[PDB]
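Q: Please work out how this folds:
(8 chains, ligands or ions: 12)
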Amino acid sequence: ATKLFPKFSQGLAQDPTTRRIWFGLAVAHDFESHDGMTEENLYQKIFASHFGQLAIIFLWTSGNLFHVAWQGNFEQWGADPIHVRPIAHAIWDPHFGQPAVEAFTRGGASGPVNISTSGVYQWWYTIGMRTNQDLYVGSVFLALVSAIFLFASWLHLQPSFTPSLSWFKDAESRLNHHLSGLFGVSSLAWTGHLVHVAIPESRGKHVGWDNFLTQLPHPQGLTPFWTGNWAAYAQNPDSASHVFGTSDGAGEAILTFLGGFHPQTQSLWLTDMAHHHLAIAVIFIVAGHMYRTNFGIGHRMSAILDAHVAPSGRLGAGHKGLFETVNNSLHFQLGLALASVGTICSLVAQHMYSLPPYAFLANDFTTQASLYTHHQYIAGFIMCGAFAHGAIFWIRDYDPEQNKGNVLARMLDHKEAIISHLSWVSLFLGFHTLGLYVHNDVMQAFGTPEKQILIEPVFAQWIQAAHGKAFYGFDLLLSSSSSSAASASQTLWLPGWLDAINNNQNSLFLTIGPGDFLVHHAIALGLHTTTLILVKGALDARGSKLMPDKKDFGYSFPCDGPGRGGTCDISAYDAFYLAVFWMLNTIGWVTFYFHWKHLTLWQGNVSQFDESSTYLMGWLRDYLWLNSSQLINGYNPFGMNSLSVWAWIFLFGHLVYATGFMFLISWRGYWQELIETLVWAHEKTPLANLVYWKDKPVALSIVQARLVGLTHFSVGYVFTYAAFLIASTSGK
Amino acid sequence: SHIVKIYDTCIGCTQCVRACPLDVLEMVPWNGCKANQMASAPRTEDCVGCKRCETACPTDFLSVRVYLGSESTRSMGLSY
Amino acid sequence: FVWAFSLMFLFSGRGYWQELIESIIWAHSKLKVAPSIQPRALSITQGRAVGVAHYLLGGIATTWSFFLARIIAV
Amino acid sequence: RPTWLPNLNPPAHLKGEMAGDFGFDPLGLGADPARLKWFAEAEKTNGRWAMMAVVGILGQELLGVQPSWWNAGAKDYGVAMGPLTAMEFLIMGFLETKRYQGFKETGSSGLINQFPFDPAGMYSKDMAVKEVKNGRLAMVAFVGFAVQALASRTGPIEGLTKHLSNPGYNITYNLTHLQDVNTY
Amino acid sequence: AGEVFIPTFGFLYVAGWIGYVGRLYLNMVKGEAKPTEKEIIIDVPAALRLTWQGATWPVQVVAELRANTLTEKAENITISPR
Amino acid sequence: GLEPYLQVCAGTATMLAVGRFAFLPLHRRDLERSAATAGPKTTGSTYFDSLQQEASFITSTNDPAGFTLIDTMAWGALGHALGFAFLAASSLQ
Amino acid sequence: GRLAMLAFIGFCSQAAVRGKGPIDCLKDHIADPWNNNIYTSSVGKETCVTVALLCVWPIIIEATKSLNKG
Amino acid sequence: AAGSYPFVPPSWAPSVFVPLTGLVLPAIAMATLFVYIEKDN
Ligand code: CHL
Ligand code: CLA
Ligand code: CLA
Ligand code: CLA
Ligand SMILES: CC1=C(/C=C/C(C)=C\C=C\C(C)=C/C=C/C=C(C)\C=C\C=C(C)\C=C\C2=C(C)C[C@@H](O)CC2(C)C)C(C)(C)CCC1
Ligand SMILES: CC1=C(/C=C/C(C)=C/C=C/C(C)=C/C=C/C=C(C)/C=C/C=C(C)/C=C/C2=C(C)CCCC2(C)C)C(C)(C)CCC1
Ligand SMILES: CC1=C(/C=C/C(C)=C\C=C\C(C)=C\C=C\C=C(C)\C=C\C=C(C)/C=C/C2=C(C)CCCC2(C)C)C(C)(C)CCC1
Ligand SMILES: CC1=C(C/C=C(\C)CCC[C@H](C)CCC[C@H](C)CCCC(C)C)C(=O)c2ccccc2C1=O
Ligand code: SF4
Ligand code: SF4
Ligand code: SF4
Ligand SMILES: [Ca+2]
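A: Numbering: from 1, shown residues only, chains lettered A, B, ... in the order given. Ligands and ions are numbered 1, 2, ... in the order given. Structure as follows:
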């Protein structure tokens, strides 16, 4: 009879098959579809759900601090961060054999433990933490914060504390508060930590909760700030002879603009990081005082959007009629948020390898590699969600009559132009980028390396020379001291930026060769193609010659039948499903280029990359095959070492990846009929016929199997690489 | 159960009816076509969502539309 | 390459390619270079055949190169 | 009716009925009545605790208790802080649960069981306007007593008996001459 | 200049030559009886009379831009429902 | 003299004066068209969302030309960031 | 049915736990109560935390009908 | 309840938490959910 599992979906609740259990977990956080859903209730539910996610994040962080403190080597690693290996947690495996118990005792422990690649150690050291107590206190604090958010999820869901839809649609104020309070007052507050705790701790001086109200951050005090002589805070910077966590070479500056990196830590200076947060905090607070609130002075967002219509009428009604579109659509906003967060997630990876922001971060190669790959992959999934929710906006929440002539409606007008032009660029990048790899491979095979085509990335080399790179010899801007920009900065960060950029032992603007030219264009191909797939699905989300009523069929529908030749994978969910593969392929190439460019940098054999990368055969034998030699030997017929888990995961990843294929290659039908035979056998089998199924066994849904196979496929690509990226970098 | 709807763009060809595998469609009399017939969907409780009728609709786009929705033993065609 | 290329027909669907072709045809019809014969995406059964064909061709070719170069060299 | 802002427009929710209503709600935090009702008991009780506290910080110092009011907490009192604070939780916990219970019922204050706590009466409009206004002055004072301890490290009375002595020694001297008070 | 630069135009000239000759043939078979049966069984004679016509393709292509005949009117190209 | 007072005072004064007689009318005109015409009225009604609803103390200034407290704290705020950007710039840079 | 069998609950040491015997702990407390209490014992820190938490549970439960289940 | 931090877990905590979380705890969750999932309406 009817079940209760799918409370939100009565159809699933009445479903006699097992699909009700599977879909009940999927259609669970799609409230917009829940039976009896009001816009205000939807916002209130989402608002509370946000608190829940914030409780998990803080609880997750507290756990890391707790395990690092209870089962870690922080104090030992802090004493010698270039020899001690940060310990993440202990391995209590009731299955471990004695050799496993021995081999996994590393980083200075009395039992099997796991070295950490998250880089929390380097970060917590740089910010002021020095003992295990600092970690315990922080974990308790964050745990309390998690408890508070959890109560708030309850409080904001109980009548009288449930915000009205109007409050949820109060944009002008929300943006003002978030920009000034959430972004600004949280950056100045951070400068307050740095100036008061981090900088003193780096100069060897405990300024904790016991003596912070009595310890002057600057010798002069707030006097220079009040007198306006702000410069006093930028005098006596820490000398190059300074040692992090020691008064050796320690200076007195609190806010400066030295640039480059501390000599010993090889990471951005703290003072330069203090002044950064102070400067950005000021901008955020002032920017917060822009939109109108309940006082008067201010800007109404609607007016700005409507007042921006090109007089030539090239953009039609311009942004007029767009404020309601964004304010009344929670998919449009989510798409913009995912796009913004995704892009910034990549900036963190591209700016944290070049400029290590934490002490002794560069030294830890395995951490650096596993942190770049983490963010670059997370960023890619976020970007797929951006376009995904954008397509949902086109169908679930787009009013074609209100948006009439607006920049958003004149996009579908030239939808073919946008889609077709993205096709030409993808083909051009594909036909050529690959052709100049096969051409080089042929020359390598025929022993004619000189004949291989090696185009020079001159355009990038000039942007490098502009920043001050001299190797190329172009004498442009910063490269030329007699310049205006070079002379202007000569008294600020310039003296340092050059010293650091013109040092080949780090990753600030690394020398690029013709090998980088090909891979960079290959990355572009992935960016354009993945984009084309998502863009095509978004534009054709509610329209198409094959399926002109796609909006009536919703977002996630298997197909429109075998009619009109084939409607297989015609839903805008299947532009996402397919784009995911290209996203993984694109990120795969970028995280493989990072790893090789850097493994060759760290091993000292830069010529290895500068030559093998030119042809694809080098990428496989010199990179994947050569580095995999150790990982695969984690456990052999002669014994096992500490890399056994990674070898096991490496194979485990392949298994999950291959399993994903069956759900994608095979389709619903052979399995369904097979399940029918299984149902017959059980009903006929004696002693087993007694036990029976409450839900009728049915094969996975057409769309369901698409996501199940894709999850297996993705999980594999992640575990298989995470294993390589960590066991090949650590093994050396 | 799947939702089957017959739009005014029907020519009363009866092809969709002679195509339904579970007797879900029938031909009722109408006046907007020269064949004085318009397919109706009396028993959409037996619709499996095969969409065979659509593959048999000759009118521009589709006069008959099957919107796959809730799934039951009949809708899933389960003999279990 | 051939083995991997086969996973675009074994994991995808005509629906996506048919519409994609529609946009390409538009570009062709704008410059008045549209082909007289209507370009249509591969049938559901055809895509299944193309993928399996390339999938088998690629894998067997990989082993053929592996085995032959291994055993001829050693 | 008196207004904090000259020529003010008392918000709709702020009616003359309430104790020291001077129409002060730049943000209208108590626009909702239930919240405003609680806020008013939470205004009175924050003030009750601040009046008591300010009296201590002055009194303790005037008699001459040894540690400065701020350092008073760190002392060799004859009791381990652990059990001490543990009892603090038990006594105040009850003393507070009883109060909340009564406030949940009689929308006034009180002690334990004697709500409309008066043992003298004196619950007139005048005395309750005095309470809200003496409380507000005390709440502002305690925030002073705290920042004059940070920037100048001088007890309340000692601070008055240094600005009266030298008409300078002001916020324009303390903040600038912090180096002397604090340590590097 | 001999590397990439000069080679660039060389490909562009032949590329446009191939494309222009193709469109010349397509637009000739359009109209002619059954245009679909002259794409499978190519008319090698007329296909051989149009190959050299693409030698001066740049001159002819521009003359078509400056005459509005290279492209089609936007109200004569079928578009997918928005 | 040339102490912080000279820089801070001048900045505050100039901005307030320029915003009390020069841009004040433009400021008012821009506020109107923006909030009344293209932008409509917010806080329709219902809920304790009166927080988003305009206050009143701001709309209570005898000052001619209606220089509200928010305007004084607006132009003055702009002025206190010029006094401290001019002094600070001379400090180093 | 709640009973004063709590003495025999922490019967590890009867009234006290992992601290001397039974009626001896009473005599000890009378002597020096502040320095002879569970809070001033190995389990003192946890006991103080739990005692404090318990003295808030009432208010937490007795809030705006702050209760739930599903 | 020793040294400095008075909440440092005992050495036997792993020999209890790991077994409970992964064998006992999951069984309760799976069984409890199983009943709810199959709960009739
Ligand atoms: C009931 C027992 C009790 C005991 C044993 C103490 C003991 C202490 N108090 Mg405390 N307090 C107590 C209750 C309370 N105090 C305060 C409010 C204050 C203030 C305003 C100050 C102290 C301070 C201090 C410490 C002075 C030494 C020092 O530099 O700080 C070492 C000790 C600490 C830092 C502990 C204080 C932690 C934190 C600031 C608490 C913040 C919330 C509340 C103020 C109260 C928290 C709960 C109470 C029970 C501690 C000291 C050890 C002084 C201090 O320096 O503390 C900042 C001080 O200025 N107390 C409240 C108000 C709710 C209490 C309520 O029960
Ligand atoms: C000063 C006032 C203020 C402040 C501080 C906030 C703050 C917040 N609001 Mg909010 N809001 C306000 C006023 C305010 N609001 C008003 C007046 C309204 C009425 C319109 C709303 C309505 C509102 C709604 C409807 C929602 C929020 C939400 C949120 C939260 C966003 C989630 C998050 O984690 O962001 C955090 C982001 C930052 C702290 C800064 C971003 C910096 C980027 C992302 C990265 C920086 C990393 C840095 C460079 C390096 C880090 C290194 C290391 C630390 C890891 C956030 C904590 C959401 C929520 O509830 O979530 C729970 C939400 O649903 N607000
Ligand atoms: C190794 C596997 C593989 C390869 C090589 C490709 C390659 C490509 N995919 Mg793809 N894809 C794959 C797997 C793969 N995919 C998988 C597993 C999925 C998930 C199902 C997808 C899903 C997907 C989608 C959704 C899309 C693509 C698209 C594309 C094209 C992007 C445009 C381009 O770069 O043009 C460059 C052209 C080439 C690189 C071809 C090289 C030239 C040929 C090989 C030479 C000519 C033939 C030669 C002379 C001899 C061979 C034939 C002879 C025997 C007769 C591209 C050719 C996009 C697209 O279709 O473009 C519009 C797109 O929409 N893919
Ligand atoms: C007259 C033949 C002809 C012409 C003029 C064009 C022209 C064009 N094509 Mg196209 N194409 C053709 C044939 C042709 N194509 C054929 C036969 C196919 C099937 C393989 C395709 C498949 C194709 C795709 C998938 C795409 C284009 C695209 C494009 C545009 C991008 C420009 C470009 O780089 O070319 C691109 C050309 C190709 C990628 C492959 C065609 C190359 C062949 C070898 C040229 C045709 C020669 C022809 C047989 C000669 C006939 C002579 C006659 C006497 C028999 C462009 C206007 C892109 C686009 O739409 O831009 C928005 C794009 O996405 N074409
Ligand atoms: C100098 C040069 C290069 C410089 C490139 C730079 C800076 C900008 C390039 C812009 C480019 C390459 C193209 C812009 C094209 C835009 C439009 C609207 C042109 C479309 C062309 C059309 C429609 C013609 C199609 C043709 C017709 C109609 C008939 C036949 O001609 C065939 C065909 C299909 C070509 C670099 C990359 C350095 C490299 C070195 C050569
Ligand atoms: C009554 C009247 C008048 C007038 C007077 C006056 C005197 C006015 C002014 C007023 C004012 C006086 C205004 C101002 C305002 C301002 C504000 C309210 C703010 C300030 C500050 C700031 C804005 C700052 C900020 C910051 C910081 C905090 C730190 C560093 C950085 C910065 C600087 C950025 C006259 C006589 C003509 C006549 C008639 C009557
Ligand atoms: C724990 C931990 C963490 C987290 C963090 C977060 C997320 C948050 C926090 C937060 C916090 C923990 C903060 C602090 C605070 C404090 C304060 C804030 C105090 C101050 C004091 C004073 C005395 C001052 C005052 C004032 C102001 C405020 C304004 C102006 C004026 C004045 C200066 C007077 C991490 C993960 C990183 C790691 C490690 C651990
Ligand atoms: C890529 C792909 C396509 C597109 C495949 C196409 C368009 C086949 C490509 C064949 C050629 C490239 C097109 C034209 C063929 C001509 C005979 C070539 C003449 C060109 C001259 C150079 C001779 C599908 O149609 C499809 C359908 C169902 C499931 C998956 C897929 C799928 O993955
Ligand atoms: S094969 Fe499957 S996905 Fe394709 S049309 Fe048929 S039912 Fe739909
Ligand atoms: S989907 Fe199949 S069973 Fe249902 S009406 Fe159409 S033809 Fe009949
Ligand atoms: S196939 Fe279409 S036109 Fe023919 S009877 Fe059915 S609905 Fe009418
Ligand atoms: Ca410290």
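Q: where does the closest residue to residue A:168 other than its chain neighbours fall, helix, sheet strand or coil?
A: The spatially closest residue to residue A:168, leaving aside those adjacent along the chain, is residue A:43, at 3.9 Å (CB to CB, 6 or more residues apart in numbering or on different chains). The C-beta positions use only the backbone N, C-alpha and C, and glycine is treated the same way. Classification of residue A:43 using DSSP: H, G, I helix; E, B strand; the rest coil returns helix.
Q: Pull the contacting residues for residue A:43.
A: A:163, A:165, A:168, A:330 (CB atoms under 8 Å, 6 or more residues apart in numbering or on different chains).
Q: Residue A:22 too?
A: Contacts of residue A:22 (CB under 8 Å, 6+ apart): A:700-701, A:704.
Q: helix or strand for residue B:4, which one?
A: Element membership for residue B:4, per DSSP states H and E: strand B:3-6.
Q: Count the residues that sit near the closest residue to ligand 9 within chain D.
A: Nearest to ligand 9, among the residues of chain D, is residue D:32, at 54.4 Å (CB to the nearest ligand atom). By other CB atoms under 10 Å in any protein chain shown, 18 other residues sit near residue D:32.
Q: That one and chain H: what is the separation?
A: 38 Å (CB to the nearest CB, to the nearest Å).
Q: Phi first, then psi, for the closest residue to that residue other than its chain neighbours.
A: With CB to CB, 6+ apart as the criterion, residue D:32 has its nearest non-adjacent residue at 3.9 Å, and that residue is residue F:48. The phi and psi values for residue F:48, taken as degrees, to the nearest 10, are phi -90, psi 30.
Q: residues touching residue F:48, list them.
A: D:31-32, D:35 are the contacts of residue F:48 under CB under 8 Å, 6+ apart.
Q: Residue C:53 now?
A: residue C:6 are the contacts of residue C:53 under CB under 8 Å, 6+ apart.
Q: Correct me if wrong, but it is in a strand.
A: No: in this structure, residue C:53 is helix, not part of a strand, as judged by three-state DSSP.
Q: State the distance from it to ligand 1.
A: Note on residue C:53: its distance to ligand 1, by CB to the nearest ligand atom, to the nearest Å, is 74 Å.
Q: Quick check: that residue vs residue A:338, distance?
A: Per CB to CB, to the nearest Å, residue C:53 is found 39 Å from residue A:338.
Q: same thing with residue F:49?
A: For residue F:49, the distance to residue A:338 - CB to CB - is 28 Å.
Q: again, but for residue A:710
A: Counting by CB to CB, the gap from residue A:710 to residue A:338 is 18 Å.
Q: Residue C:43 too?
A: Distance of residue C:43 to residue A:338, computed by CB to CB: 36 Å.
Q: Is stretch C:43-51 in proximity to ligand 3?
A: No: Stretch C:43-51 lies out of reach of ligand 3 by CB under 6 Å from any ligand atom, never closer than 9.4 Å.
Q: That stretch vs chain A: in contact?
A: Yes: counting by CB under 8 Å from any CB of the partner chain, chain A has neighbours in stretch C:43-51: C:43-44, C:47, C:51.
Q: Among those residues, which lie within helices?
A: Counted as lying in helices by DSSP state H, out of the residues of stretch C:43-51 next to chain A, are C:44, C:47, C:51.
Q: wait, what's in contact with the closest residue to the first one other than its chain neighbours?
A: By that I understand residue C:44. Spatial nearest neighbour of residue C:44, chain neighbours left out: residue A:566 (4.3 Å); criterion: CB to CB, 6+ apart. Residues near residue A:566 by CB under 8 Å, 6+ apart: A:559, C:13-15, C:18, C:41, C:43-44, C:47.
Q: Name only those of these that count as buried.
A: A:559, C:13-15, C:18, C:41, C:44, C:47 (16 or more other CB atoms under 10 Å in any protein chain shown).
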